[PDB]
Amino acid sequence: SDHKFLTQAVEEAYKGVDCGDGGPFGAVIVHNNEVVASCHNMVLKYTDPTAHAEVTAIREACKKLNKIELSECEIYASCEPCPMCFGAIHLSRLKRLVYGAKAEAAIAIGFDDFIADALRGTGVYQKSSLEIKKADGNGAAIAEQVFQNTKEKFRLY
């Protein structure tokens, strides 16, 4: 099931840059194999620097399910969530995070050197016990190639 939803997130990233909504980032939120939300970065469309793919997906899922906690749900991120998005995933009580590409793949095409300490377990104050899976092989390679594929199609932010 992981490959399918990670692929959906990657396709959301491509779709979002293609229609100009934002950068090449997708996020899918799933409730026991049922897709709750499927979104991409909307920073450009919304004029909202917090409208990353993960935050947008969390907002949509929470509005659809009429609750502020997503503890029965899991999130699939095309790219490793940034500090803001990882904080949002923590606050939303999502129980599992699967992400495709490492943050360095996005940094390689000019994005901020902006990595979540709690995700990589490098913090003093912020800890995390959230189940985190970094994808490997198939979908991981496809997810990593997103930034080289789309870097000519959008403006950095």
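Residue numbers here begin at 1 and follow the sequence given. If you superpose the two forms and keep the largest set of C-alpha atoms that fall within 1.5 Å, you have the rigid core.
Core superposition of the other structures onto this form places the C-alphas of 123 to 131 farther off in 8 other deposited structures of this protein than those of the other stretch among 92 to 100 and 123 to 131.
Of the two segments 6 to 14 and 144 to 152, the one whose CA positions lie farther from the displayed form in 8 other deposited structures of this protein, once all are superposed on the rigid core, is 144 to 152.
The deposited model assigns a higher average Cα B-factor to 138 to 146 than to the other stretch when 17 to 25 and 138 to 146 are compared.
4 to 12 and 147 to 155 differ in mean CA B-factor, and the higher of the two is recorded for 147 to 155. Residues shown: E54, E104, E60, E69. Highest C-alpha temperature factor in the entry: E69. The maximum CA B-factor among the listed residues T47, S92, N41, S129, taken from the PDB record, is found at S129. Among the modelled residues of the chain, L119 sits in the middle third by CA temperature factor in this PDB entry. When the CA B factors of the chain's modelled residues are split into thirds, the value for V35 lands in the middle one. Among the modelled residues of its chain, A88 has a C-alpha B-factor that falls in the lowest third, as given in the PDB entry.
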